[PDB]
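K.L.:
Here it is, the structure in full.
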């Protein structure tokens, strides 16, 4: 359409239409006003203008599907609707996209909507960062106040600041900023809010400009930048690009002008030479077009797509239909759509027997929602080539019968048709044809009819109800029987969820009004809570008026009280305040008071202050005012199960330490009642302790464990009887806290410790502030920063636990193992505890409580009972030729699975992770030679029931191109996979370099052969928009690391910034960090931002996986993605990247830098000679001190030497 036509479409969008919306949660579709607020960039659905039901970020839109093709559109009401007037918006950062399904009334409305959203999404990637900052500010403002207010208040600001993850330094600070902006009745406008933002971000991180304020490349001439008013010019910016960012296109001034006028995006800047300010320069420093990502790898390169397929890493996925853990995930073809849109070229299809004659796709012999094959194949055809249009190989795991195989083949030949690859592209094939030769071709890998011939197992697993005695319910656990060992996992159900007196004990009013002065002190102490003191009412029990309530209310500058009068009318109570304002129902009292305007000539203002009990904990079970540490410990010995928590008051203290069971440990954490807010940690501000419990029963207090069971006294009793679950738990000492050295830290002061990478430091005491007293050779008990090292404890118990994870039926996630050999089953046909279907496992010894397991069906009860009863007592299938012929390439061959010699390009190697890793350990070069012609499926083993992925990198070096990784997970390795397959324009077909395709290359070269080709020097300087995980404000720290090979993998975290994530600043005094990667192509740069809680445990905030080949030099912004590799709004780091070539002279010097490690590993070996050993001879150890500083200098010198050099 034309630009004015597009404008009319988008204004129709902004106007909004009352349109039908479908949901699987709410069966009835509802008519809601759907409209786009362009300034917030939100598609919002509302019931009225002020009440908006839901938001949808336009940049969050990933896919628009016309018609009824969504799980919301399977409803019967959708059948009455028409497809031309139906569509869905797919949005969200999660793997399964949230689906906003809109059914239309007229086809014109629908087509206008699709066109408008496509235009808005197109301009979404075209929006400059200042515009998205405007949008995000407007989002905060329209989120805190639903009426879409364009003004902001003092308090309100006191609440946005924690929400946008910034800690209010002081009320005086925000007041001062209000003043310099200009505050009228301490209220600001949206533009003044934006100015407030500019001030905060510039002032908080104005020391970034110091790097440009330096005196080597004064070309940029950054100076006088102290104030944001300071500004630069187009010439300054192009000198910055040509020198710091090292941009060759920057030679032309006109391109620089175009980029600058794009970034500023302000019509008022009509200057022939565009100019921006120092604060605006800093905003650019965290902007999208300053991304460290290389854009020339965002475009598909045809010369890199014309080569035999064996030389192409191809993005593959394991059990792709699954959306969560393999045990109970909900299979959906939308997962296939998602993976194809990311750019997968291989999706696993576990085709099992179908009751209808059509195979169902799910994880067989497990409890997962089955899906129809035809819907799957339709979805694959629809969205396989909508992105990147390169061939996808369907991973078919055949587990059906021959009739279903005929249906399989005919479905492929019908739905896919020409899309399916049926005949070889060229008959006399010597090798794999290029992906360019395979334009939009469906390749089927599937067990061919090798035996030919003319014409021609599960373990007992499932959910069970374990009879809990703590709560006297039936808690459902997933159980798997492996070698007569039934293992049960955690709760599956856990993820699923009068006219009097009641008002007296309601949130509105609770207790303690024995005198009207008590209410006056209750609400006067509550008067200085907010800015407007008019918002102050309370109901109370009268002291003088008998059997009457009394509204103690504020009145425009003072606190008053008046009795809520009560009468007996019609045999019922009747409370009245005004002559005709009255009711009888208290639950309805709250609502009609909320709608009430406290109207009377006397009373014109309404306030609606739901102020509750100043201390409900006062009357709280988990609250224990007189309970001390010792009492808690003892009583937690009585209840040693994780999730048992009590809030015991410290005697004579406002802090109420929480005694709770964390990993079988009695952990305490004080909650200080600062002012009125109960603060956990440093900034976890809570209204009250009951709110604390309610928030942390669904939020993680400490690692995985959550506040699960409050430990009541009575409880002590119910568990007076114990051993309900037996606490299988995990079924040397820690004075040293043995640590590894992240990087070469130099002794800043004589009490600081000098050492080298990988150094084993012992007798380490964790003094706060990051400085740890540790022993290192002759340097006994010396400081070293916590960021320059890493902790690796001797969790031998945890290792045994991981061995259990290995041989465990459930593998990981198992919450308990019970050996069925040493038990007996008794089946209860009448059942036990209100459950007819019960089988009780009574152990050999009656001393072990018999445990009751319940099912939902009598037949499954019989099956479980039969299996465990048996434990106690102790070519022909003719795979379809019609499907086999469809397998042009990659036909499985189990006969020569171990054979890697004489490879055939038409063959495929299916390997599990452990088998492939073993092959790599034995012979990397042989498998590389095979995959030079052949191909490899490396896929996770059956123990990865939790969708956790393995390390896929060693496989890629050996040429193992096809690595099925579970796309539903959020682990490190899938961020690695997304980083790898984002290369070459996110096509999923990555050409390996020339070295890979030659046999002379060693996939794992010897340490002597390893030579530097890239010694990166990275420097983190600042950040913007670090996301918040929990109530407590994130205390972020960045860890930059090369997760390349076992020689490239190197980590470095930085000093933690406390209570600042909106505009966190790292010290410029930190040293430049050197990553010596011997191979540039096979390496990845990863900035993982974490946050530190009160337990100082890092928690994943975000990641920054980028290929080294894509890494550009300069002061580059680094966009931050979530665990699903999706860019979150405005979250970005800044890094002073420096690309570095290994010159011949540098190489000699880098041979010296290898001499560094060649003898510092022996320096570490002499630290280990006296690691904790003491009965030693001081001959070499003390004489490697020579060695010691010789190496210290040797390197630091020649490194800062090349430093000084470039």
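Residue numbers (the deposited numbering): 10 to 465, 474 to 514, 522 to 755, 767 to 909, 922 to 1253.
Ideal Cβ positions, reconstructed from N, Cα and C, are used throughout, including at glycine.
Given this structure, state the Cα-to-Cα distance separating residue 248 from residue 263, to the nearest angstrom.
P.N.:
Position 239 of the chain shown, counted from the start, is the residue given in the question as residue 248. Position 254 of the chain shown, counted from the start, is the residue given in the question as residue 263. Approximately 13 angstroms between the Cα atoms of the pair.
K.L.:
DSSP has residue 1146 in a bridge; who is on the other side?
P.N.:
As a working note, residue 1146 is residue 1099 in the chain shown. Paired residue(s): 1138.
K.L.:
How many whole angstroms separate the CB atoms of residue 110 and residue 79, which I take to be in contact at a CB cut-off of 8 angstroms?
P.N.:
Residue numbering aside, residue 110 sits at position 101 when the chain shown is read from its first letter. Residue numbering aside, residue 79 sits at position 70 when the chain shown is read from its first letter. Contact holds; Cβ gap of about 5 angstroms.
K.L.:
Can you tell me which of the three DSSP states residue 425 falls into?
P.N.:
The residue you call residue 425 lines up with position 416 of the chain shown. Residue state, collapsed to three classes: helix.
K.L.:
Residue 73 and residue 127 - do their beta-carbons sit closer together than 8 angstroms?
P.N.:
Within the chain shown, the letter at position 118 stands for residue 127. Within the chain shown, the letter at position 64 stands for residue 73. In this structure, residue 73 lies closer than 8 angstroms to residue 127 by Cβ.
K.L.:
Looking only at its chain, what residues have a beta carbon closer than 7 angstroms to the beta carbon of residue 1057, apart from the 5 residues adjacent to it on each side?
P.N.:
Start at 1 with the first residue of the chain shown, and residue 1057 comes out as number 1010. Closer than 7 angstroms at the Cβ level, and outside the excluded window around residue 1057, lie 1094, 1125.
K.L.:
Measure the CB-CB distance between residue 1131 and residue 1175 and report whether it falls below 8 angstroms.
P.N.:
By 1-based counting over the chain shown, the position of residue 1131 is 1084. By 1-based counting over the chain shown, the position of residue 1175 is 1128. Contact: no.
K.L.:
DSSP three-state label for residue 312, please.
P.N.:
Counting from 1 along the chain shown, the entry for residue 312 is found at position 303. Residue state, collapsed to three classes: helix.
K.L.:
Beta strand (DSSP E) containing residue 812: first to last residue?
P.N.:
Sequence index remark: in the chain shown, residue 812 carries index 777 (1-based). Where residue 812 is concerned, there is no enclosing beta strand (DSSP E), given that its DSSP letter is neither H nor E.
K.L.:
Please tell me whether residue 210 and residue 1110 are closer than 8 angstroms, where the distance is taken between their beta carbons.
P.N.:
Here residue 210 refers to the residue found at position 201 when the chain shown is read from its first residue. Here residue 1110 refers to the residue found at position 1063 when the chain shown is read from its first residue. In this structure, residue 1110 lies closer than 8 angstroms to residue 210 by Cβ.
K.L.:
Which value, in whole angstroms, describes the spacing of the CA atoms of residue 1042 and residue 268?
P.N.:
For the purposes of this step, residue 1042 is taken as the residue at position 995 of the chain shown. For the purposes of this step, residue 268 is taken as the residue at position 259 of the chain shown. Rounded to the nearest angstrom, the two C-alpha atoms are 38 angstroms apart.
K.L.:
State the start and end residues of the unbroken alpha helix (DSSP H) segment that holds residue 145.
P.N.:
For the purposes of this step, residue 145 is identified with residue 136 of the chain shown, where counting begins at 1. 138 to 153 is the extent of the alpha helix (DSSP H) around residue 145.
K.L.:
State the DSSP-derived secondary structure class of residue 353, mapped to helix, strand or coil.
P.N.:
For the purposes of this step, residue 353 is identified with residue 344 of the chain shown, where counting begins at 1. Correct three-state label for residue 353: coil.
K.L.:
Can you give the Cα-Cα distance for residue 403 and residue 114, rounded to whole angstroms?
P.N.:
Here residue 403 corresponds to residue number 394 of the chain shown, with the count starting at 1. Here residue 114 corresponds to residue number 105 of the chain shown, with the count starting at 1. If I take the Cα positions, the gap works out to 38 angstroms.
K.L.:
Kindly list the residues whose CB is nearer than 7 angstroms to the CB of residue 176, restricted to its own chain and excluding five residues on each side of it in sequence; keep chain order.
P.N.:
Taking the chain shown and counting its residues from 1, the one referred to as residue 176 is at position 167. Closer than 7 angstroms at Cβ, skipping near neighbours: 707, 1080, 1106, 1107.
K.L.:
Rounded to whole angstroms, how far is the Cβ of residue 580 from the Cβ of residue 629, which I believe are closer than 8 angstroms?
P.N.:
Working through the chain shown from its first residue, we reach residue 580 at position 556. Working through the chain shown from its first residue, we reach residue 629 at position 605. That pair is a contact at about 6 angstroms.
K.L.:
Of the choices 582, 975, 455, whose alpha-carbon is the least far from that of residue 558?
P.N.:
Here the question's residue 558 lines up with position 534 in the chain shown. Closest by alpha carbon: 582.
K.L.:
Which residue wins for smallest C-alpha separation from residue 1064, given the options 683, 1082, 1251, 856?
P.N.:
To locate residue 1064, count along the chain shown from 1; it is residue 1017. Comparing Cα-Cα distances from residue 1064 to each of 683, 1082, 1251, 856, the minimum goes to 1251.
K.L.:
Apart from the five residues just before and just after residue 564, which ones in its own chain have a Cβ nearer than 6 angstroms to its Cβ?
P.N.:
In the chain shown, the residue the question calls residue 564 occupies position 540. Counting only Cβ-Cβ distances below 6 angstroms, and skipping sequence neighbours, we find 537, 543, 574, 576.
K.L.:
Within 7 angstroms: the Cβ of residue 1139 and any heavy atom of the ligand MG?
P.N.:
Within the structure as shown, the ligand MG is missing, as the structure has no ligands at all.
K.L.:
Nearest by alpha-carbon distance to residue 771: which of 795, 788, 1051 is it?
P.N.:
Working through the chain shown from its first residue, we reach residue 771 at position 736. Minimum Cα distance to residue 771 is reached at 795.
K.L.:
My parser needs the alpha helix (DSSP H) runs of 4 or more residues fully inside the stretch 935 to 1021; what are they?
P.N.:
Runs of the alpha helix (DSSP H) inside the stretch 935 to 1021: 960 to 969, 971 to 980, 1000 to 1004.
K.L.:
Could you tell me the distance, in whole angstroms, from the CA atom of residue 627 to the CA atom of residue 530?
P.N.:
Position 603 of the chain shown, counting from 1, holds the residue named residue 627. Position 506 of the chain shown, counting from 1, holds the residue named residue 530. Residue 627 and residue 530: Cα-Cα distance of roughly 24 angstroms.
K.L.:
Compute the Euclidean distance between the alpha carbons of residue 490 and residue 682, then round it to the nearest angstrom.
P.N.:
On the chain shown, residue 490 is found 473 positions in, with the first residue counted as 1. On the chain shown, residue 682 is found 658 positions in, with the first residue counted as 1. Spanning the two alpha carbons is a distance of roughly 27 angstroms.
K.L.:
Look at residue 468 and residue 506 and say whether their C-beta atoms are less than 8 angstroms apart.
P.N.:
Because the chain is numbered from 465 directly to 474, the model contains no atoms for residue 468.
K.L.:
Run through the stretch 370 to 398 for me and flag every whole beta strand (DSSP E) of 3 or more residues, listed as ranges in chain order.
P.N.:
Correct list: empty.
K.L.:
So for residue 513, helix, strand or coil by DSSP?
P.N.:
By one-based count along the chain shown, residue 513 stands at place 496. Reduced to three states, the DSSP call for residue 513 is coil.
K.L.:
For the beta strand (DSSP E) holding residue 1097, just list the boundary residues, first then last.
P.N.:
Within the chain shown, numbered from 1, the residue matching residue 1097 stands at position 1050. Start and end: 1097 to 1100.
K.L.:
Does the Cβ of residue 1163 have 16 or more other Cβ atoms within 10 Å, making it buried, or fewer, making it exposed?
P.N.:
Working through the chain shown from its first residue, we reach residue 1163 at position 1116. Per the 10 Å Cβ criterion, buried.
K.L.:
Taking one C-beta from the stretch 430 to 450 and one from the stretch 476 to 483 each time, how about it: are there three or more such pairs within less than 8 angstroms?
P.N.:
No, the stretch 430 to 450 does not touch the stretch 476 to 483.
K.L.:
Counting pairs of Cβ atoms below 8 angstroms between the stretch 1070 to 1079 and the stretch 711 to 726, do you hit three or more?
P.N.:
A contact exists between the stretch 1070 to 1079 and the stretch 711 to 726.
K.L.:
Which same chain residues, not among the five before or five after residue 48, have their C-beta less than 6 angstroms away from its C-beta?
P.N.:
Here residue 48 refers to the residue found at position 39 when the chain shown is read from its first residue. 147.
K.L.:
Rounded to a whole number of angstroms, what is the C-alpha to C-alpha distance between residue 227 and residue 1195?
P.N.:
Counted from its first residue, the chain shown places residue 227 at position 218. Counted from its first residue, the chain shown places residue 1195 at position 1148. Distance between the alpha carbons of residue 227 and residue 1195: 32 angstroms.
K.L.:
Are there 16 or more other CB atoms within 10 angstroms of the CB of residue 520, so buried, or fewer, so exposed?
P.N.:
Residue 520 falls within a stretch that is absent from the model, since the chain runs 514 to 522 with no residues between.
K.L.:
Go through its chain and collect everything with a Cβ distance to residue 971's Cβ below 6 angstroms, but skip five positions before and after it.
P.N.:
Locating residue 971 in the chain shown gives position 924, counting from the first residue. Result list for residue 971: 1005, 1050, 1051, in chain order.
K.L.:
Identify whether residue 736 lies in helix, strand or coil by the three-state DSSP scheme.
P.N.:
Locating residue 736 in the chain shown gives position 712, counting from the first residue. Note: residue 736 maps to coil in three-state DSSP.
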